[PDB]
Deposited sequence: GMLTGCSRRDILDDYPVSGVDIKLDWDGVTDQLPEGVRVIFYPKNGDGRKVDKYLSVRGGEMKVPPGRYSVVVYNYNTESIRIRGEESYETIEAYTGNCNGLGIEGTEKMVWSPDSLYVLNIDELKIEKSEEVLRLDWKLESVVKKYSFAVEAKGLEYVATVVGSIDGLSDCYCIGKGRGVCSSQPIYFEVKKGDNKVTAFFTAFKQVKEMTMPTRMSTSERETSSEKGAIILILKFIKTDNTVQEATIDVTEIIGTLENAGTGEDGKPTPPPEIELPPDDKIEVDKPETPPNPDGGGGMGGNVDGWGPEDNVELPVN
């Protein structure tokens, strides 16, 4: 392992600071609270004077000097999810690693499913010069969508293991931009095999931030581009002789059906023409 050290702002103690007090509400956000959150203030006026702090899951005091900023708040302790581009609001991106150490061919080209990420991103916040502590009341947004499905498949007796992948979903999330992005690298997921069914669970980032920013004012005509992307589910059946048979399913029109005492996963009905059948392995 290799660690990256940092220090506090040296003229944060020399220059006057009207501190802020962040309170975080998690009511109806999640019952499984994160370890804590990271808060970054990117100055708009200033030459890269970013005020950065790790806080309690409930928030806390933080000394921000006055000025116009862009803000990001996300949960730091995550398994699959990694952060890059933290130097600028416009580049801070959440991503997953490529599947390493799996025994099935082609998993190296795939990325892991993202674990839970909670984000708040304000394009513009103006901290004024104040004698008293400015009180922010924030709530974070779950930017990771969960999916599940079940599909009927003949001859699973011939299958050793099944490896699922889903192309076309957001496997990256631009925290500052508030949009998910697709790296064209499939998200890998394990598939549970029954006798006549296969069940799987996976996750992906939201295409776009759903939080309402009542104060956000855009001068550019509103953006809509979801349809310019096909969503393909791939089931890689590894046979008992280590042979592989793949099944490619286009879930573009039903992807929403798959989002979610728990509920059994939605069945992906196939025409009798496109039924999944694993052919008995060849014999000498």
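In sequence order, the deposited residues that have no C-alpha coordinates form the ranges 261-267, 292-318.
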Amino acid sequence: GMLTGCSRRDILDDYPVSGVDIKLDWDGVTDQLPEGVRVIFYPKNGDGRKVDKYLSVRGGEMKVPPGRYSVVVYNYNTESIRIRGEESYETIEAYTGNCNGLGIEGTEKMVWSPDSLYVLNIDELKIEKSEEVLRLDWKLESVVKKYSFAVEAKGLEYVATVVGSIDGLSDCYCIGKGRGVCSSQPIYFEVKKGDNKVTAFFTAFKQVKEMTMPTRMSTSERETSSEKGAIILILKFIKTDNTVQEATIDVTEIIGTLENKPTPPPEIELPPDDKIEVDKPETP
From here on, numbers count along this sequence of modelled residues.
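For the pair 123-131 and 103-111, the record assigns the higher mean C-alpha temperature factor to 123-131. Comparing 213-221 with 237-245, the stretch with the higher mean C-alpha B-factor in the PDB entry is 213-221. Among the modelled residues of its chain, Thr78 has a C-alpha B-factor that falls in the middle third according to the deposited record. In the deposited entry, the Cα temperature factor of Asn196 sits in the top third of values across the chain's modelled residues. Among all modelled residues in this chain, the alpha-carbon of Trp26 has a temperature factor (C-alpha) in the lowest third.
The entry lists a Cα temperature factor for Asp137 that places it in the middle third of the chain's modelled residues. Ranked by C-alpha B-factor against the other modelled residues of its chain, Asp167 falls in the middle third.
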